[PDB]
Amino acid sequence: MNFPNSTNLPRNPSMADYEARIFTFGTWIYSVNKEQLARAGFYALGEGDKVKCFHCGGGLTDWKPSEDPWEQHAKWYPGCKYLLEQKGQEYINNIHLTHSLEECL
């Protein structure tokens, strides 16, 4: 187990570009859209639907069609500086509140 990168510097600069990320997927059979994933800073590992964020290093799996890449990114890797850059702290807050509230019900 590795800690999430919370610095302003990407953990995997090889995957810093959208096109670089998109190449990793190949033919992608999974319920969640590869371009959507690549935009949320994810690249494929080639092991089921395992993705890793290029910046935080944060890893996700088992994508249900209801699950959103940016939402999941914020859920599991709230300290990601890439996430904060693209989405903003107001978005991130909303998502946390929504998830933390989802539990109540």
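In case it trips you up, residue 1 is the first one in the sequence shown, and so on. Just so we're on the same page, rigid core means the largest C-alpha set that superposes within 1.5 Å between forms.
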*Name the stretch, 35-43 or 65-73, whose C-alpha atoms sit farther from the shown form on average in 6 other deposited structures of this protein, taking the rigid core as the superposition reference.*
65-73
*Taking RMS over all structures and residues, which stretch has CA atoms farther from the shown form in 6 other deposited structures of this protein, 21-29 or 79-87, after a rigid core fit?*
21-29
*Hey, which bit's got the bigger mean C-alpha B factor in the entry, 78-86 or 92-100?*
92-100
*Take the C-alpha B-factors listed in the entry for 27-35 and for 54-62, compute each mean, and give the stretch with the larger one.*
27-35
*Ordered by C-alpha B-factor within the chain, which third holds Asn5? Give me lowest, middle or highest, please.*
lowest
